[PDB]
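> Opening with a subset of the complex:
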Amino acid sequence: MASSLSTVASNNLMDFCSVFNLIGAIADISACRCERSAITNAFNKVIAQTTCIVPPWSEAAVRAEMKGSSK
């Protein structure tokens, strides 16, 4: 779930679960070519909380930036 959870801030903080996130997780992990020590680092970096801002060509770009990305 943590690997497949991503949130977007447009007018109110929206939460999403996208299959494209899973492909991003596999793509990041598979390029490790490292021992056990780096796996814990890489696996911990994959699972996190990421918030991305709305593209400029939308009608809620200014409000989203104004409201700030936080909790």
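That came through, no problem. Residues are numbered from 1 along each chain as shown, chains lettered A, B, ... in the order given.
> Residue A:13 and residue A:51, how far apart?
With distances taken as Cβ to Cβ, to the nearest Å, residue A:13 is found 8 Å from residue A:51. Every C-beta, even on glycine, is put in place using the N, C-alpha and C of the backbone.
> And for residue A:63?
Distance of residue A:63 to residue A:51, given as Cβ to Cβ: 15 Å.
> Overlap in contacts, residue A:13 and residue A:51.
Overlap between the neighbourhoods of residue A:13 and residue A:51 consists of residue A:7, taking contacts as Cβ atoms under 8 Å, 6 or more residues apart in numbering.
> Show me where chain A has its strands.
Along chain A, the segments classed as strands by DSSP state E run A:5-9, A:13-17, A:51-53.
> Give me the helices and strands touching the last one, please.
Pointing back at strand A:51-53 there. For strand A:51-53, the elements it packs on are strand A:5-9, helix A:61-67, judged by 3 or more Cβ pairs under 8 Å, 6 or more residues apart in numbering; DSSP states H and E.
> change it to 10 Å
When contacts are defined as 3 or more Cβ pairs under 10 Å, 6 or more residues apart in numbering; DSSP states H and E, strand A:51-53 sits against strand A:5-9, strand A:13-17, helix A:61-67.
> Quick check: buried residues in the last one?
For helix A:61-67, the neighbour count (16 or more other Cβ atoms under 10 Å) marks residue A:64 as buried.
> From the chain's centroid, how far away is that helix?
How far helix A:61-67 lies from its chain's middle: 19 Å, per Cα atoms, centre = their mean, to the nearest Å.
> Quick check: which helices or strands does that helix pack against?
Packing partners of helix A:61-67 (3+ Cβ pairs under 10 Å, 6+ apart): strand A:5-9, strand A:51-53.
> how about a cut-off of 7 Å?
Other helices and strands packing on helix A:61-67, by 3 or more Cβ pairs under 7 Å, 6 or more residues apart in numbering; DSSP states H and E, are absent; none qualifies.
> How about the first one?
Under the contact definition 3+ Cβ pairs under 7 Å, 6+ apart, strand A:5-9 sits against strand A:13-17, strand A:51-53.
> List the buried residues for that strand?
Of the residues in strand A:5-9, those buried by neighbour count under the rule 16+ other Cβ under 10 Å are A:6, A:9.
> Drop chain B onto that structure:
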Amino acid sequence: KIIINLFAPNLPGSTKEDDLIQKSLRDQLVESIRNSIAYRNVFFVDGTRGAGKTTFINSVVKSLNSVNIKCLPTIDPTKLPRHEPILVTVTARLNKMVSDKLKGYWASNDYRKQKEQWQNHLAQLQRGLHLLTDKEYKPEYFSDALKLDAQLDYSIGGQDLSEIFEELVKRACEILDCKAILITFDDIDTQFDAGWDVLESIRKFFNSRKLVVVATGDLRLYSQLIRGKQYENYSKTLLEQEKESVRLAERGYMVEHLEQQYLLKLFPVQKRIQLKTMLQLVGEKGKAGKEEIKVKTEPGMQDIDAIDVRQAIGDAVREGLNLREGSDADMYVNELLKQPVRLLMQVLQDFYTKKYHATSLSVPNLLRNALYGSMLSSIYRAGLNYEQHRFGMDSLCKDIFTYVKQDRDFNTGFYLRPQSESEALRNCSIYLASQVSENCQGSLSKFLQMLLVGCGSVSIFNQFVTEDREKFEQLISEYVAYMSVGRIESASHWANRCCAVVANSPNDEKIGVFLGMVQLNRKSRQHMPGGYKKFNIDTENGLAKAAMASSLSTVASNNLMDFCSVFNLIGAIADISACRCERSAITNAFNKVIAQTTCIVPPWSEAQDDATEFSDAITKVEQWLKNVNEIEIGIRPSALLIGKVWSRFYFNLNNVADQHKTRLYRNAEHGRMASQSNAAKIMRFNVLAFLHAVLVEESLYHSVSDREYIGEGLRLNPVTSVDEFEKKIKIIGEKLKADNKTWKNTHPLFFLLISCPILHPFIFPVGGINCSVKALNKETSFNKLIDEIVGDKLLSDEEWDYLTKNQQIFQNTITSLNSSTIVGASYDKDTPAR
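If we add chain B to the chains shown above, we get the following:
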């Protein structure tokens, strides 16, 4: 590890080996030339304008000079006689070397046989030179030719110069004992009409294996030269006859194809070499760089303490524009790194040299002067003011509006972010942001003028005028005249023009509530429930009548219309802070619009003792002005800071007018619950929004503080309650106290705008307090914190209890505005309880 000294002459030819930038590229191309001759052979070093296009060529020649290749002296067609052909110049330079070699040789009698052969070939070239410079054919030369000679065994008969010149080069190579001869040209940016003769003399006379040509220029300029020579081939009578759109396309492609076959044949693609800009060499943000560049900012600096080129501009932009350490400051520097090398270094050389002598200040002034002389061409096409003496307040306000007009983006235009795709708008933006930090630095009065006039003009025009490609700018010319922006006038005068423009468009149900304004009543209403009545002006007192008087505007089109614009308060405050003395402005500002200004709708419309009480109000203002003088010297506004403040302020006002619009009720007198809205409550939140927008991002974007004290959480605006405004006030309070930093030294803008006597009555009116079991907990805590920051206790014990519960003489509180009626309400329904 390249060290650049700004105090060197910095001429194009002044660069030595240590000063040269692209040292790796120089050796790479020298190897390419050497290899090619060992095994068309025309090299083209391509570089943008003002990027080492001449110094690099000299270094390449110097490396070759010190398999043998004799380098000809570099030539440039621009600094030559107009009508002299290239072939004559090259032949002249060949003559000098071989004659110098022959005379210096002085061994045996070789220079008696070789000299005759060399002299024979020159005479042959001199005979056939008349073909180059003939405007017509001369028939008597026909018998001059056909005097065939077996000498050199020419492949083809005739008086062709190409074959004669070829044998000329072969003899010189034998004499000089060199494998090949290198001919170096130069760019034609100054006068690119002379570049055609170079191209013709390369495609005709330089095609042997003994000659290597190194040309310099810009393909974006050479293509225009060639395409011009193509359209001169079409018969004029044809160009002016078949003017169909279908035919224009047919001839358009036949030329855009003909030039490419010319270039791809004359300068082969595998031989072109592109120069490197600063961004490529240095790197993006934290990315590793291909090379290392460092600069020196002082003659006394040590070579072991030279800072990086990125950091040198980084400080010149941070304090130059008065910007903090953040991404937005890193966006300006990144744009500068993509500038031409000459322009990038000149603005740095001017800035650091002038700054050093000044110390032996006004740092932004040096940056503005450097930028003005640098991108002075882009200003002219933008059309901004170019007169140094007219640099002022309104002239700057004109510049902002025109730049937004050219950019065609009224939402984020005033941010002055260099994000426009066009190069002129990007260049003009950085200069403009410097001027904002110039005028508005150190004075509160000018800051409020930029906020209200510089950015207010753009936003209002967006929503009330632009809601046909010739009507659009017809309004722009009409709009710029009506607001009278450009003329030297006070901000208070601008407020009335702002009031007239907005009020023309009637909203749904024609309620008298607009963006930051309320339309009060002039005539008498019939059968009004409760104590609702007309707004009687002469019932206020000292420090309250003046607050109202400076907040009243009138427009005299059709019937007389009154208003209570909050924009007037901002303008009135600016005027007081301007003069700061003489006790006359504070006498005159309070009475400037009440009975003198007769505003008319825009043409696009389609319709106690007085003496003993006023001086007490006057004296408090003079006390406020005394404090401003000693603290406002530390104001360092930036174009980002002012632009962002208007954004939050504008959005906040639009919501308040749209949420209190339908909340008027027949029993909304002295409104105690948040679901009831009176006239005084609307004006309370209008002045509260302005006091809130400053607080939120005074911490975020100001330059005096290196961090923010807001904390973590969503940024929200007060529209119905003061829960959000109080919440931020508290949180900063402990953060500013746990770490010992006074409010004056971190939020100078908010400290001054919160202690102004004009806004004090508006903060706590009679009918604008939320009286509830839970609400009064916040309001009281709001009152305690405001008084603690100001120091003075605004409200005494008796009046505070009088307001909260449900006539005591009041001087620091509005008392009659809530009872005043509002046009279009009619107060039929009643408040609902649940």
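> back to what packs on helix A:61-67, now that we've got chain B?
Packing contacts for helix A:61-67, counted by 3 or more Cβ pairs under 7 Å, 6 or more residues apart in numbering or on different chains; DSSP states H and E, involve helix B:639-659.
> Now look at the helix it packs on and say if it contacts chain A.
Yes: residues of helix B:639-659 are located near chain A by Cβ under 7 Å from any Cβ of the partner chain, namely B:647-648, B:651.
> And for that helix, what's in contact with it?
Judged by Cβ atoms under 7 Å, 6 or more residues apart in numbering or on different chains, the contacts made with helix B:639-659 from elsewhere in the structure are A:62, A:66, B:321, B:323, B:328, B:414-416, B:433, B:436-437, B:450-451, B:455-456, B:459, B:513-516, B:682, B:685-686, B:689-690, B:693-694, B:696-697, B:701-702, B:717, B:719-720.
> Make a ChimeraX selection of whichever of these turn out to be buried.
In ChimeraX, selecting the buried portion of the contacts of helix B:639-659, with burial taken from 16 or more other Cβ atoms under 10 Å in any protein chain shown, looks like this:
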select /A:62,66 /B:321,323,328,414,415,416,433,436,437,450,451,455,456,459,513,514,515,516,682,685,686,689,690,693,694,696,697,701,702,717,719,720
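> Just the contacts of helix B:639-659: which are in strands?
Counting by DSSP E, the members of these that fall within strands are B:513-514.
> Restricted to helices, list the contacts of helix B:639-659.
Using DSSP state H to define helices, the subset of those located there is A:62, A:66, B:328, B:433, B:436-437, B:456, B:459, B:682, B:685-686, B:689-690, B:693-694, B:696-697, B:701.
> Quick check: residues of chain A near chain B?
A:62, A:66-68, A:70-71.
> ok, now which ones touch the residue in the stretch 201-350 of chain B that chain A sits nearest to?
Across the stretch 201-350 of chain B, no residue is closer to chain A than residue B:328, which sits at 11.7 Å (Cβ to the nearest Cβ). Applying Cβ under 7 Å, 6+ apart, we find residue B:328 in contact with residue B:640.
> change it to 8 Å
When the contact criterion is Cβ atoms under 8 Å, 6 or more residues apart in numbering or on different chains, the partners of residue B:328 are B:417, B:640.
> For it, give its distance to residue A:51.
Distance, residue B:328 to residue A:51, using Cβ to Cβ: 19 Å.
> can you tell me which residues contact the nearest residue to residue B:51 once chain neighbours are set aside?
The spatially closest residue to residue B:51, leaving aside those adjacent along the chain, is residue B:341, at 4.7 Å (Cβ to Cβ, 6 or more residues apart in numbering or on different chains). Contacts here follow Cβ under 8 Å, 6+ apart; on that basis residue B:341 touches B:21, B:50-52, B:277-278.
> then RNA strand C, please:
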RNA sequence: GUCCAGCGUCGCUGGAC
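Alright, RNA strand C goes in next:
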């Protein structure tokens, strides 16, 4: 669960116990 508030044109979101 309940109460307050904020964004969009009822839905969404923050915060408190």
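> back to what packs on helix A:61-67, now that we've got RNA strand C?
Applying 3 or more Cβ pairs under 8 Å, 6 or more residues apart in numbering or on different chains; DSSP states H and E, one finds that helix A:61-67 makes contact with strand A:51-53, helix B:639-659.
> Would you tell me which one of those is buried the most?
Greatest average neighbour count among the helices and strands packed on helix A:61-67 goes to helix B:639-659 (a mean of 21), per mean count of other Cβ atoms under 10 Å in any protein chain shown.
> Run the chain-centre distance for that one.
Taking Cα atoms, centre = their mean, one finds helix B:639-659 lying 22 Å from the centre of the chain it belongs to.
> So is that helix next to RNA strand C?
Yes: for helix B:639-659 and RNA strand C, the contact criterion (Cβ under 7 Å from any atom of the strand) is met by B:651-652, B:655, B:659.
> Please give me every residue in contact with residue B:497.
Counting by Cβ under 8 Å, 6+ apart, residue B:497 makes contact with B:482-484, B:599.
> Quick check: chain neighbours aside, which residue is closest to whichever residue of chain A sits closest to chain B?
Closest approach between chain A and chain B, counting by Cβ to the nearest Cβ: residue A:68, at 4.6 Å. Counting by Cβ to Cβ, 6+ apart, residue B:715 is the residue found nearest to residue A:68 once chain neighbours are left out, at 4.6 Å.
> How about residue B:490?
According to Cβ to Cβ, 6+ apart, the nearest residue to residue B:490 is residue B:575 (5.7 Å).
> Over to that neighbour. Which of the three states is it?
Reducing the assignment to helix, strand or coil with DSSP: H, G, I helix; E, B strand; the rest coil, the entry for residue B:575 is helix.
> count of residues packed around it?
22 (other Cβ atoms under 10 Å in any protein chain shown).
> Does residue B:567 touch residue B:502 like I think?
No: between residue B:567 and residue B:502 no contact is recorded; they are 9.4 Å apart, counting by Cβ atoms under 8 Å.
> who has more neighbours, the two?
With other Cβ under 10 Å as the criterion, residue B:567 and residue B:502 differ in neighbour count, and residue B:567 comes out ahead with 28 against 17.
> how near is that one to residue B:486?
19 Å.
> quick one: contacts for residue B:33?
With contacts defined as Cβ under 8 Å, 6+ apart, the neighbours of residue B:33 are B:43, B:64, B:69, B:182, B:212, B:214.
> Only alpha carbons, please: show the strand or helix carrying it as CSV.
Here residue B:33, judged by DSSP states H and E, is contained in helix B:23-38. In CSV, the C-alpha atoms belonging to helix B:23-38 read as follows (Å, rounded to 0.1, in the frame of the first residue of the first chain):
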residue,chain,number,x,y,z
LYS,B,23,40.6,24.5,-23.4
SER,B,24,39.4,20.9,-23.9
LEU,B,25,37.5,21.7,-27.1
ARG,B,26,40.6,23.5,-28.6
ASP,B,27,42.8,20.5,-28.5
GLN,B,28,40.0,18.2,-29.8
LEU,B,29,39.6,20.3,-33.0
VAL,B,30,43.3,20.7,-33.5
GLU,B,31,43.6,16.9,-33.6
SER,B,32,40.7,16.7,-36.1
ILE,B,33,42.5,19.1,-38.5
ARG,B,34,45.8,17.2,-38.2
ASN,B,35,44.3,13.8,-38.8
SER,B,36,42.3,14.9,-41.8
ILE,B,37,45.3,16.1,-43.8
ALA,B,38,47.2,12.9,-42.9
